[PDB]
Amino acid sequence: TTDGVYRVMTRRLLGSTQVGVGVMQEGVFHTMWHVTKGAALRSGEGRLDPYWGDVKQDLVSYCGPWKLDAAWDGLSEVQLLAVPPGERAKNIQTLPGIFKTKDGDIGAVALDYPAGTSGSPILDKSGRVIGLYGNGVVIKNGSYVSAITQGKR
């Protein structure tokens, strides 16, 4: 239950497979809905049950309500704490671009990691999680851009 970044694994396939990543903060585990599809999770010999989730936001929290409330300032570089399948956690610094939608602007990071990296946190300079990586779009030249997806606290 310690704070930090965690891999989301399954053994229902060949060997052990990393389906995503998430953030433990204030006793709540945070990941993207498409990683777990809202299923319960095991942590050691304990169980984490879903508490809140929303397919359109593509987010889910376990054991309590969504706790992450920091937001990109729109100006400064951020860091993706990428936890790729089978690889050590590594920080990647970038200046986000912007997703412009009919409902306002969202920060976006032009960094391409395997699908199992979904749920990795994006951080501001204070180390606060400003959103999660892994819900995005493929742009004209074929490369992948992720929204900085943040919930409501």
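In case it trips you up, residue 1 is the first one in the sequence shown, and so on.
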| query | finding |
| --- | --- |
| Unresolved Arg12 in a third or more of other entries flanked by modelled residues | yes |
| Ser143: gap in at least one third of other compared structures | no |
| Of 65-73 and 41-49, the stretch whose C-alpha atoms average the higher B-factor in the entry | 41-49 |
| Segment of higher mean CA temperature factor, 51-59 or 104-112 | 104-112 |
| Residue with highest C-alpha B-factor in the PDB entry, from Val19, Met24, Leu13, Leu132 | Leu13 |
| Ranked C-alpha temperature factor of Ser146 among modelled chain residues, by third | middle |
| Relative C-alpha B-factor of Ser126, binned into the chain's lowest, middle or highest third | highest |
